[PDB]
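See structure below.
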Amino acid sequence: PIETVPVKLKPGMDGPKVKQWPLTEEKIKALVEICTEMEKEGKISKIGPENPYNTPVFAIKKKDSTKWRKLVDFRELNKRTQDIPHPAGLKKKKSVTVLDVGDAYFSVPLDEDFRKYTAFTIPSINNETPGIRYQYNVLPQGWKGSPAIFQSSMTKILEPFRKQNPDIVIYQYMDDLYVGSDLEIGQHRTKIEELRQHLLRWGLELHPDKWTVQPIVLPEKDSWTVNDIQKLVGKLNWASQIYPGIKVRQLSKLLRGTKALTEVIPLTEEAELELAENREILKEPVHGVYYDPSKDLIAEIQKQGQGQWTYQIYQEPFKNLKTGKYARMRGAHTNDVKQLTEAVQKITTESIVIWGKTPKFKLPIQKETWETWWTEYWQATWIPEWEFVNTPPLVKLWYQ
Amino acid sequence: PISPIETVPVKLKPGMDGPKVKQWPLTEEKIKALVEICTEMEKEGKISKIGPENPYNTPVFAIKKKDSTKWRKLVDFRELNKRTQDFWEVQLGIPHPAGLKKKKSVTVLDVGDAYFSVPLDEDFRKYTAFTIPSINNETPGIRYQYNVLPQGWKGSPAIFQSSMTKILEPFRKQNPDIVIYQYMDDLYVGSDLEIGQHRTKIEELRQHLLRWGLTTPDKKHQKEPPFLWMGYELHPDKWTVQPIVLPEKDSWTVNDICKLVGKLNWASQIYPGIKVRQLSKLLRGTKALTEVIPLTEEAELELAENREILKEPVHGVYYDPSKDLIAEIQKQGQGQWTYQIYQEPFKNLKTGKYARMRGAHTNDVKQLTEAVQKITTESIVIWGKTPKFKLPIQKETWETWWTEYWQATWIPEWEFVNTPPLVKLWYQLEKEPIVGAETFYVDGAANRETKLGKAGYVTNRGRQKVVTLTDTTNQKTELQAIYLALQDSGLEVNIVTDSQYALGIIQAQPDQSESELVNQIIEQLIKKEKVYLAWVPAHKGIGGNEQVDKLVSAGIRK
DNA sequence: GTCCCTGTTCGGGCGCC
DNA sequence: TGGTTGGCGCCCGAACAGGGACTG
Ligand SMILES: *[PH](O)(O)OC[C@@]1(C#C)O[C@@H](n2cnc3c(N)nc(F)nc32)C[C@@H]1O[PH](O)(O)OC[C@@]1(C#C)O[C@@H](n2cnc3c(N)nc(F)nc32)C[C@@H]1O
Ligand SMILES: [Mg+2]
């Protein structure tokens with residue numbers, strides 16, 4: 001039917017060989033039901049152990065629906081896969097809706113020589129059965145090459161809608177379609193449903209206006225102790241690595257000698273003025289920060305406690321492209337891991353809308369803790385890369 | 001017979017050729033057994049005679065089977081395995097009897113001559129060439145190649161396990177309510193039918209397997225409990241592990257310690273309270289399995305209390321999905337944790353232990369969290385769900401820990417149980433400076449070349465002390481300085497440090513460490529009533545960090 | 001750059017099938 | 001007997017990666 005496009009791995013790289021992690025009974029039953037239907041329609045085929053590659057698979061369940069979604073953790077294959085103006089107006093729209101257009105890829109065949117690398121394995125409960133393996137025959141959801149090959153077909157489908165609605169920005173990333181407009185809520189939702197009816201012929205909410213930056217703030221006191229000024233000097237000293245205009249001469253000279261931490265230090269007029277000048281400098285935007293599409297985005301997250309989470313997105317140290325906060329549930333039934341997984345999704349969603357790329361996360365969590373529960377709270381169709389850090393208690397104190 | 005299933009296409013690694021190793025000398029008994037096996041396998045098409053057109057060879061041998069009567073023909077395919085393609089192993093784990101659901105009727109039967117009944121890829125057969133000596137100087141040694149899966153080849157396990165899955169697929173599809181646990185050639189079959197109707201379903205399975213060339217001999221067809229399965233005995237309403245025999249030595253070697261700990265690990269799945277920390281500690285630094293290691297007093301004590309656990313009768317029960325999974329964790333000494341998983345009180349599904357030491361410095365709450373994570377993952381494998389936990393930690397203790405700890409940490413639904421020793425935090429750092437407590441400014445400095453160092457403090461009350469160190473590091477002198485301040489202060493103390501390394505260790509509130517210096521610091525922190533630890537950036541002239549920095553830098557730096 | 005001290009992974013021995 | 005293969009488990013040490021501090 002459709003001529004296949006030859007795709008190959010990067011030079012000197014083999015396919016992915018990543019082990020399947022344990023899946024719950026509800027996820028395996030969902031994956032088994034999905035794979036039997038996908039196999040019935042020629043989308044996947046069973047394979048044996050002579051295929052040496054493997055990529056982990058799981059499933060997520062949307063909030064209020066008994067429908068599951070098959071997720072293949074393809075980011076190892078995406079890195080090994082051989083390699084458009086990002087819409088700058090998407091981040092300045094009133095409402096943006098995310099639509100899963102992953103089903104569109106299933107109508108385009110995949111290069112026969114490449115299907116071996118799409119292998120995955122369905123596990124069984126209590127190892128009743130060996131793992132049952134499959135590979136992809138069509139463009140797979142979650143693969144970096146799927147939106148690339150389907151690019152020409154996606155433009156044909158979106159052409160009439162984009163012409164009829166020029167004030168609506170439609171952007172595609174992986175299996176997701178981002179639709180932003182300045183229409184009033186309700187009118188916007190009518191256009192989203194209109195586009196859904198448009199996508200059904202072929203077959204088969206975000207408010208980026210309110211995304212604000214969290215600047216570095218400084219304490220305000222009528223009475224300063226030696227401890228208060230020591231905490232303030234160390235914070236401004238770190239901040240001067242980001243804002244070279246920060247000076248700490250008049251504040252630190254108040255600490256000369258060997259004093260008790262609870263001793264009261266009256267701020268002199270010079271130290272008082274130096275502090276006020278530092279507050280204005282911290283309001284200014286970081287200078288000389290230019291986004292490099294060829295370098296990775298790095299996202300660091302700090303647990304601030306009481307449901308508060310701060311994060312920074314940079315490519316070079318102290319060159320923050322964005323610094324924000326993510327405050328959530330403030331109770332005794334708080335789930336740290338759940339709030340963290342939700343935080344990395346919101347941060348990734350923002351990075352896609354702003355720069356069109358997914359960031360690499362430095363997660364403040366034990367590796368085993370994250371891998372045990374992170375899939376239980378995932379709701380996105382993409383998965384970002386992440387490493388696990390042993391955070392210093394210093395960066396936590398700097399970003400409040 | 002030989003299965004009519006399609007072969008699995010297998011290639012060598014690029015640029016490689018088949019093995020060319022010659023046969024090693026064999027015993028007369030070994031030879032007589034191999035010719036009897038090879039003559040029969042040739043009559044059945046399982047092996048074919050080759051000639052000079054085949055230039056490969058691999059040494060073969062034989063060992064006794066578990067029944068200890070028949071012989072198991074093996075091939076030392078180590079060279080061929082290096083040059084054979086990679087496989088993706090399909091066996092993802094070992095089934096456990098605690099995950100078996102209660103069935104009305106149970107059968108356990110094996111496929112006979114499993115490997116030798118699955119055909120091998122025709123283009124790959126010539127690489128499995130071997131030579132069997134016969135009655136030499138009366139008839140030369142016959143050269144054969146394998147037409148079926150050989151024992152000793154890398155691909156045989158995964159190819160057989162996958163082939164067995166394809167063969168069982170139509171029967172599972174037709175009989176979705178017949179549970180079939182498939183491990184190698186062994187089949188556990190369970191139904192909710194009466195024993196008569198169950199046996200007819202078994203014969204349908206046997207006929208199904210026979211259609212795919214897999215026999216099921218009656219000698220390996222178990223029909224009554226207890227069933228011998230995967231090293232257990234399956235009774236109708238309970239299961240037990242086959243008897244475990246610990247070594248009986250007076251001069252334990254490293255090999256004996258491995259067999260001891262290995263069998264104890266295997267016993268901990270149903271025997272509660274097994275501990276292997278002191279025994280496994282005896283292996284730190286050893287090199288040879290023959291080294292006789294003298295048992296320490298607590299290692300011999302640990303062995304003695306394990307023996308008493310194994311002398312008790314113990315059994316497990318089967319899984320009822322309509323009830324919840326409950327995991328209860330008991331704290332043992334020195335980072336050791338045992339647990340029991342059950343659904344009805346005093347009816348363990350299984351037990352287990354956890355004692356993996358993670359991190360140089362940790363506390364009992366961190367380890368309990370790690371044990372919960374391990375039990376959760378292990379529960380998802382066996383049962384497909386997370387258990388409800390019963391933990392010997394106060395709700396307030398957990399609230400205090402996850403409040404101050406900078407990492408994301410979480411424990412699923414859990415209820416407190418008063419089973420001492422309870423898990424608690426042995427000290428707490430103040431959030432604010434302490435009024436009326438002496439303020440210590442600590443610092444250390446070490447010389448990278450000479451390894452000489454200095455640690456000390458200055459206080460707001462005029463006290464100062466400097467201690468010289470040898471064979472130290474900058475990081476150690478910073479910890480020595482904090483330790484020095486703790487020793488020379490009262491029950492309440494403010495400490496200011498410039499070392500975020502030392503600050504990060506102490507804020508995590510460890511109660512145990514691999515470092516003796518950190519352990520001495522922990523012991524001081526427990527004796528204190530109030531400690532406040534603060535941080536200042538180094539080399540910035542912030543008093544009195546500036547004063548102590550000049551004291552410890554003199555003579556070792558600049 | 002190096003040294004230090006973390007962290008994880010991999011492969012060795014043993015255990016079990 | 002000794003000499004094979006694969007899965008999983010445990011515990012160990014070697015071999016890495018990543019971040020912070022150090023030298024003149
Ligand atoms: P438990 O209740 O004792 O069950 C025994 C059994 C099963 C099922 O567990 C497997 N097994 C036990 N010990 C094994 C070793 N050392 N290696 C391998 F690969 N498997 C082992 C097999 C065993 O069932 P059994 O009926 O003995 O043999 C069946 C078979 C198959 C399929 O496994 C292979 N096999 C058995 N012993 C082997 C040895 N020592 N080496 C190799 F390479 N392969 C072995 C061949 C058989 O056809
Ligand atoms: Mg210092």
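Below, chains carry the letters A, B, ... as their sequence lines are ordered, and counting in each starts from 1.
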Give me the ring orientation class for [X] and [Y]: parallel if the planes are under 30° apart, tilted from 30 to 60°, perpendicular past 60°.
X	Y	value
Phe61(B)	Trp24(B)	tilted
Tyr188(B)	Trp229(B)	tilted
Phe124(B)	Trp153(B)	tilted

Query raised in the report: Does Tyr501(B) place a side-chain N or O at less than 4.0 Å from the phosphate oxygens OP1/OP2 of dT6(C)?
Result: yes

Basic-acidic side-chain contact under 4.0 Å: [X], [Y]:
X	Y	answer
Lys540(B)	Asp549(B)	no
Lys366(B)	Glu370(B)	no
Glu79(B)	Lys82(B)	yes

Query raised in the report: Is a side-chain donor-acceptor pair under 3.5 Å present for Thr121(A) with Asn54(A)?
Result: yes

Query raised in the report: Will you find, in the side chains of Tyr314(A) and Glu300(A), an N or O donor that is under 3.5 Å from an N or O acceptor?
Result: yes

Query raised in the report: Which pair of non-hydrogen atoms, one from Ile47(B) and one from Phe130(B), has the smallest distance, and what is that distance?
Result: CD1-CZ, 4.3 Å

Considering every strand and a 4.0 Å limit on heavy-atom distances, what is the contact class for [X]: base, sugar-phosphate, or nothing?
X	value
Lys451(B)	sugar-phosphate
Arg284(B)	sugar-phosphate
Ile63(B)	base
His361(B)	sugar-phosphate
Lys367(A)	sugar-phosphate
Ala502(B)	nothing
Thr27(B)	base
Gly359(B)	sugar-phosphate
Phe61(B)	base
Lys73(B)	nothing
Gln161(B)	nothing
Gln269(B)	nothing
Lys19(A)	sugar-phosphate
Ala158(B)	nothing

Between [N] ([atom2]) and [X] ([atom1]): distance, integer Å:
X	N	atom1	atom2	result
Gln366(A)	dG7(C)	CD	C1'	11 Å
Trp370(A)	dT8(C)	CH2	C1'	18 Å
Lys17(A)	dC10(C)	NZ	P	13 Å
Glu370(B)	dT8(C)	CD	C1'	14 Å

Decide between north and south for [N], the convention being positive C1'-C2'-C3'-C4' for north and negative for south.
N	value
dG11(C)	south
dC8(D)	north
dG12(C)	north

Would you say [X]'s side chain and [Y]'s backbone share a donor-acceptor pair under 3.5 angstrom?
X	Y	answer
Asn306(B)	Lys275(B)	yes
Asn81(B)	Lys154(B)	yes
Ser268(B)	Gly273(B)	no

Query - Minimum-distance nucleotide (side-chain atoms of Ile505(B) versus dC4(C), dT8(C), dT6(C)) - result: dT6(C)

**Report entry** Where chain B begins and ends its contact with DNA chain D, read 5' to 3' at 4.0 Å from heavy atoms
**Finding:** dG2(D) to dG24(D)

**Report entry** Residue met sooner reading DNA chain D from 5', once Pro157(B) and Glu387(A) are mapped to nucleotides
**Finding:** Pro157(B)

Requested in this report: Name the residue closer to the 5' end of DNA chain D, choosing between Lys154(B) and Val389(A) according to the nucleotide with the nearest heavy atom.
Outcome: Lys154(B)

Query raised in the report: Among residues 472-481 of chain B, which contact DNA chain C at a heavy-atom distance under 4.0 Å?
Result: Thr473(B), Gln475(B), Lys476(B)

Query raised in the report: When rounded to the nearest 0.5 angstrom, what distance separates OG1 in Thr391(A) from NZ in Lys396(A)?
Result: 10.0 Å

Look for any protein N or O under 3.5 Å of an N or O in nucleotides 14-17 of chain C and output each such pair with its distance, or none.
| unit_1 | atom_1 | unit_2 | atom_2 | d |
| --- | --- | --- | --- | --- |
| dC17(C) | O2 | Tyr183(B) | OH | 2.7 |

Query raised in the report: Taking C-beta and beyond as the side chain, do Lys17(A) and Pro52(A) meet within less than 4.5 Å on heavy atoms?
Result: yes

